[PDB]
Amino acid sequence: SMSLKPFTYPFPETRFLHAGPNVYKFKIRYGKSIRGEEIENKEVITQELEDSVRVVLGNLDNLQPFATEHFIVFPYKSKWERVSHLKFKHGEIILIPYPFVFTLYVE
């Protein structure tokens, strides 16, 4: 169903995600239309947002916009600056930060 804590729609947030030996930095942003209005069935929306994050992780080298039932998502990567100055650990295991930050512009 959902392995991640619910996203705080419609509030923008930064999330760090651990998958295998890597850690990823994600930012979620909401546009004017979807931001002003709020919807009560947030479970469907939270599922759609996790689904959107998983699509982005599934297309790391070919980001493209896509439509969910309630949103259009425009994913973008940008260089994660000073990621060399950060160290991420899971117990004693060093996690490798993916060198790009993912921003999902949810519209």
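Don't overthink the numbering: it's just position in the shown sequence, from 1.
For the pair 32-40 and 51-59, the mean Cα B-factor is higher in 32-40. Of the two segments, 81-89 and 18-26, the one listed with the higher mean B-factor is 81-89 (C-alpha atoms only).
Residue 45: CA B factor in the highest third of modelled residues in this chain (values from the PDB entry). Residue 4 sits in the middle third of its chain by CA B factor, as recorded in the PDB entry.
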